[PDB]
Amino acid sequence: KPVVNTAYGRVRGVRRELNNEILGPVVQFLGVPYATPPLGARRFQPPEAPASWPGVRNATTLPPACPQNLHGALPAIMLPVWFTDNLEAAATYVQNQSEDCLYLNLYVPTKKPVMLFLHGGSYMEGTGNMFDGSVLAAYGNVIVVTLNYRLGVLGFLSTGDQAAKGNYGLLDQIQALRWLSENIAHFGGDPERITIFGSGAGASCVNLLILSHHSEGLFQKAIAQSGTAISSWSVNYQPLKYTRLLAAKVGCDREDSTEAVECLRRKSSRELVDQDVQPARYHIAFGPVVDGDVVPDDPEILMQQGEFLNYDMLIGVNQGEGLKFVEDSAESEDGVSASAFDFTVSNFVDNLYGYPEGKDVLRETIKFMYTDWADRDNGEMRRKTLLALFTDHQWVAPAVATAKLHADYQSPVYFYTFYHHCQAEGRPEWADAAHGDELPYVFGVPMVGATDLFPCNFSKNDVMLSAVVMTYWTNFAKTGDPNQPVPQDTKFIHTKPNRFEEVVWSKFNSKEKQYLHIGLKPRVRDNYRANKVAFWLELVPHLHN
Amino acid sequence: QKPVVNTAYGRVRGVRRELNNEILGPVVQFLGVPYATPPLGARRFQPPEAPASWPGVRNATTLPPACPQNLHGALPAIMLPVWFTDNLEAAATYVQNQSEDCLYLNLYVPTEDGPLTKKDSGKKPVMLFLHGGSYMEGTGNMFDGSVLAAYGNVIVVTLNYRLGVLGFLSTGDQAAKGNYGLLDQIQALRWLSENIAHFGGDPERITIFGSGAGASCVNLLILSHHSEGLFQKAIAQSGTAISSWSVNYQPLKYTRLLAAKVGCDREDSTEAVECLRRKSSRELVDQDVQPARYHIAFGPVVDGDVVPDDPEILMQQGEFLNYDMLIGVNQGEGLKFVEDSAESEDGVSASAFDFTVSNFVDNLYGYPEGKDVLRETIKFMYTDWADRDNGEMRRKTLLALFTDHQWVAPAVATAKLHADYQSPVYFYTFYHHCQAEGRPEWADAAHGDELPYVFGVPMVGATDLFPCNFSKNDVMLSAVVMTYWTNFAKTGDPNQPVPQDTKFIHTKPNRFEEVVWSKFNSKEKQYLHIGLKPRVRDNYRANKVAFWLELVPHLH
Ligand SMILES: *[C@@H]1O[C@H](CO)[C@@H](O[C@@H]2O[C@H](CO)[C@@H](O[C@@H]3O[C@H](CO)[C@@H](O)[C@H](O)[C@@H]3O)[C@H](O)[C@H]2NC(C)=O)[C@H](O)[C@H]1NC(C)=O
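The deposited coordinates for this entry were obtained by X-ray crystallography, with a reported resolution of 3.300 Å.

The PDB entry lists chain B under the name Neuroligin-2, from Mus musculus. The title given to this entry in the Protein Data Bank is "Crystal structure of the extracellular domain of neuroligin 2A from mouse". Here chain B is described in UniProt, under the heading Sequence similarities, as follows: "Belongs to the type-B carboxylesterase/lipase family."

Under the PDB entry, the name given to chain A is Neuroligin-2, and the source organism is Mus musculus.

In structure tokens form, the structure reads like this:
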């Protein structure tokens, strides 16, 4: 239980032996502060330095979660599938929760790299306590850092201008990054190799922070897993509409904008969060905002403007992310009918577009792009294309658009496609890697049993691939190149053909656009979902005017 | 030996000819027997009438004249079969002696049961061949149907029908309803149906077969009120009644421009036509009145008579009797499309591509307001997004664009309609050309490249318009296509009587003896893929077909 010198005082940890031989000992520094508790006047405002404690600290204990309501106001399309599948177990990590939750975890193995994991799923739920970064830290020989940041209703509320600028949850994350860039050295890690990695909403932040001038020499490498800043549910373009309703429900609905927020300074957080103010399908009620400050402009304008540092990037998507989209089709058998098809695709255009000629054309033309024709009477293979309609539109299209944009400014990008998943009954046979199914592998869960969340029988291959992705990820934190240093050796556990042995993960550039197909039989292919992307990226634009 | 079949108009005497092959038997030829009164007087722009009954013995000995055309001018080259334009020189030699008086067919009567061992009379199928590239040129005289007849044991018959101005000038009035050529083919049909049995033909098994323009006529005749008890099987090769150039919906427009040129343009339409009669067949045909791009100036017309409606409606409506079908397209029809920049040897410029696509939606569509969307979303379709780089790909797909639009899409559409109204349809796809001197080695099989095989050219050696090296391999494939076609005019089902057998060429396993060729229904669109490695697939060009047939009506 060692103590360590930080610029605000000293903290205690816990050495804990892993039951696995390949995994070493780790020191866990759970629940260290990075910003003074944002209560009262410190609410709805940017975080600063934390308390300076004169003595020591007992940081051997998990911090509380941020004010959130898991039962009700469910944005179930957005969330990682393992979340909604096991809401039961999910609620466990968010019981002890206070408005004081600006806290940081550190998983240290004993000038190492640092991997800051930005959790989430909707901007509104979640906690860093969810993901035990012990196994990642101990296998990759890297410092893994989970965190907590204010959540949506309380962390992302905004008025049309000044009274509430918004994005307090994002600022909470760069103040956990200001703390890392000054103090991680003392834990045994190089502060010039901090990498920020996230999935879903978490990845939307990774990608936003890149574009934010509020973080420059704070991190130098980024990993976006299944999420971007140009996605439909990325940034809140309607923050006034949803702030009004929230204020209207508690009684803080003043005509004056700046007096309404001062009312909101007074009402209890337990009450302030649990309101049931929900967004329009596929959008966010509370999240990131174009404020002209932390996020200077629309992420898309910002990207082409190209005023961001050339971070080392690792972007990717899963095969069938949008499982949730074709959920009402669990008891179908005949799959989805054309009647059900024409319907679903119609109010997909409705919910994401709405303007004339497109209204009729765009809807009919994309229908054509997602029917097979070679076999068009088959419901079960209409189901798949419906799933990939969403998947393509929400994750694939935006990721390749992103990877392409940064690669053009000579920021090195490595594109991954995750095609493998654990079965986990209560699941279709056609499932094949839904949104957020990559996490258990990135966090080496298949090594240390099956946790509360991911319960399924991890076969010896699930264990193998878990390592494979870990060495890839962790390599990237060091070099900014997943291939090196540690070669793809898996014969530590099973001397069976380590199937990623001699495959080289080539850089993803613009013209040629190579990616890594992560799965059972891995490859480097050249153009992922080539024409279905180009559809959304090139053609669909012209079908508005 | 010169036999003398006695017809219903006189007695005709034809030369016997020994064919240039060991295994092929002799064939009696009846050349230039008349099927109508010559359409000469106030008989121009009139339907053909039965021929004059002669008392003597007629000499079906020499080839007939060809109907008046001008092979050195009117250049719908885009719709002409590539073998024709490639050999204008040699092709012209066949129309060297023209006459307004030209209405004759030629017969090719076999003598054997097909191929031989080197070592009661039944009635034979008749296969009428509708020739023609643009409705303006040609003569059945170009196709020496002796081989086919002798190999397949069918009487192959070719004819001449009025082309161009003389065959198709219409006013849309009672003055000149037009469609004469078609009526000619029908008059030949009437002649065959009545007399062919005298030659030992089976009038119950007359089959018409065309290619390109002639294949349109095939389709038009299937749809025409006039064809009834005459024929009963149709083979449509690379031709269709619904292509941008199968029917002319602007007859008067071009009749007026023509009349204007010979000083016959009156306001009254009877007065204008009755004027044109007074002009020589020669001054009238070699005149230069060119049509809008990918259309015909003089051709078939919707006239409520021999073409009761717009063919596409007649089909949708099921306004046609049940005929056995054989419809097909060749892998790379519109090779002449990418000619404008074809042998540049770095492909076609992307910057040129979007231009050649915009001219496309202009010529065929542009109207234009929905042109905007339509053009941009036919670009996206024909751009391979794997490599938006190599122009070789862009050139291949620019060809494909044209191939799909002009030839395959309407063919698959005609297939789907007759099938659904329940005529049996056999769908073929031709993926093989003989390499003719002086054309690209990206030269997949172009438009009209099927002919040599159908007529068994590779069996008796190269000719002057089919002048390529025919391999032992090219011989087999012809034996295969002929023994399909003939097995069709025989039983309406290409895999009936005679089996697939090319053991008269060395024992390279006969690829086609494995394959049973399924009828084409509109749901599971099964087609035989004719080529070096045949197989039976379903849904040829699924996407691109559906693109033009489902999506594109919805895009304007
Ligand atoms: C249709 O063709 C026949 C021939 O196939 C033409 O009639 C033919 O006339 C010639 C001579 O007038 C005959 O040739 C023979 O010549 C030899 C040698 O000099 C002589 O010894 C024979 O006695 C005979 O004359 C030929 O046999 C004869 N054929 C007939 C009808 O018996 C006829 O001219 C052609 N019809 C037309 C359109 O004129």
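Structure's up, so let's keep going.
Residues and elements named next belong to chain B. Here we have eleven strands laid out as an open sheet, ordered 2-3-5-7-6-8-9-10-11-12-13, and mixed in their pairing. Strand pairing shows two members of the sheet lacking a second neighbour, strand 2 (16-17) and strand 13 (535-538), which therefore form its edges. For strand 3 (residues 27-34) and strand 5 (residues 104-110), the ladder comprises six bridges, and the chain directions are antiparallel. Within the sheet, the bridge partner assigned to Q29 lies in strand 5 and is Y108. Sheet strands in contact with helix 13 (residues 391-420) are strand 10 (324-330) and strand 11 (425-431), and its direction is about 160 degrees off that of strand 10.

This part is about the site of the ligand. All names here are of chain B. With respect to spatial proximity, the complete set of residues near the ligand consists of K2, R13 and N59. Taking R13, its side chain carries an N or O atom lying 3.5 Å from an oxygen atom of the ligand. At 2.3 Å, a side-chain N or O of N59 approaches an oxygen atom of the ligand.

On to the interface of chain A and chain B. In this assembly, 19 residues from chain A lie in contact with 18 residues from chain B. Carbon and sulfur atoms make up 70% of the surface buried where chain A meets chain B, a total of about 1,600 Å² over both sides. Of all residues in chain A, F368(A), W373(A) and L539(A) bury the most surface against chain B, accounting for 33% of the area lost on that side. Viewed at the interface, chain B and chain A are joined by two salt bridges. The closest approach of N and O atoms between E550(B) and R376(A), which form a salt bridge, is 3.3 Å. Counting every contact that joins chain A to chain B gives one residue pair in polar contact. At the level of elements, helix 11 (358-369) and helix 15 (530-542) of chain A are the ones that each hand at least two residues to the side of chain A that touches chain B. Here the residues of the side of chain A that touches chain B are counted per class, giving ten nonpolar, four polar and five charged.

A few words now on the packing of helix 12 (residues 371-382) of chain B against helix 17 (residues 542-551) of chain B. Residues and elements named next belong to chain B. Between helix 12 and helix 17, whose axes approach to 11 Å, the crossing angle comes to 170 degrees. Between helix 12 and helix 17, the angle falls in the class roughly antiparallel. Mapping the contact onto sequence places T377, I378, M381 and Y382 in helix 12 and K544, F547 and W548 in helix 17. Its residues assigned to classes, the contact of helix 12 with helix 17 shows five nonpolar, one polar and one charged.

A separate point is the side chain of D462(A). Residues and elements named next belong to chain A. If you trace the backbone, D462 turns up in helix 14 (residues 460-479). Despite its burial, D462 pairs with no opposite charge, the nearest such side chain being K460 at 10 Å. Within the structure, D462 has its side chain in polar contact with the backbone nitrogen of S459 (distance 2.9 Å). With near-sequence residues (within four places) excluded, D462 lies in contact with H420, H421, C422, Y441, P446 and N457.

All names here are of chain A. Scanning the model with the defined rule gives 69 aromatic pairs over all chains in all. With 6.3 Å between their ring centres and 80 degrees between their planes, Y414 and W505 make a pair best called edge-to-face. In this pair, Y414 is assigned in strand 11 (residues 413-418) and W505 in the loop between helix 14 and strand 12 (515-518), connecting sequence segments 91 residues apart. A relative accessible area of 3% places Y414 in the buried class.

Residue and element names in this part refer to chain B. Packing of helix 11 (residues 350-363) against helix 13 leaves a shortest axis separation of 11 Å and a crossing angle of 10 degrees. Considering their axes alone, helix 11 and helix 13 lie roughly parallel with respect to each other. Each of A350, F353, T356, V357 and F360 in helix 11 lies in contact with helix 13, whose residues at this interface are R394, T397, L398, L401, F402 and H405. Its residues placed into classes, the contact of helix 11 with helix 13 shows seven nonpolar, three polar and one charged.

Each value, and the rule that gives it
- Residues numbered from 1 in each chain as written, not as in the entry; some residues may be left out.
- Chains lettered and ligands numbered in written order.
- Heavy atoms only, no water.
- Residues with missing side-chain atoms left out of burial classes, pairs and counts.
- UniProt positions renumbered as here; feature names shortened; annotations may be inferred.
- Pairing = 2+ DSSP bridges.
- Helix = DSSP H or I, 4+ residues; strand = E, 2+ residues; numbered from the N terminus.
- Contact = heavy atoms within 4.5 Å.
- Axes fitted to C-alpha atoms, helices over the stretch in contact; angles between N-to-C directions.
- Near = heavy atom within 4 Å.
- Polar contact = N/O pair within 3.5 Å; in protein donor to acceptor, adjacent residues only side chain to side chain.
- Buried area = accessible area lost by both parts, 1.4 Å probe.
- Salt bridge = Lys/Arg side-chain N within 4 Å of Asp/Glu carboxyl O.
- Nonpolar A, V, L, I, M, F, W, Y, C, P; charged D, E, K, R; others polar.
- Parallel < 35°, antiparallel > 145°, perpendicular 65-115°, else oblique.
- Buried < 20%, exposed > 50% of the residue type's maximum accessible area, 1.4 Å probe, protein only.
- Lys, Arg positive; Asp, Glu negative; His and termini not counted.
- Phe/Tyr/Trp six-rings, centres within 6.5 Å; stacked < 30°, edge-to-face > 60°.

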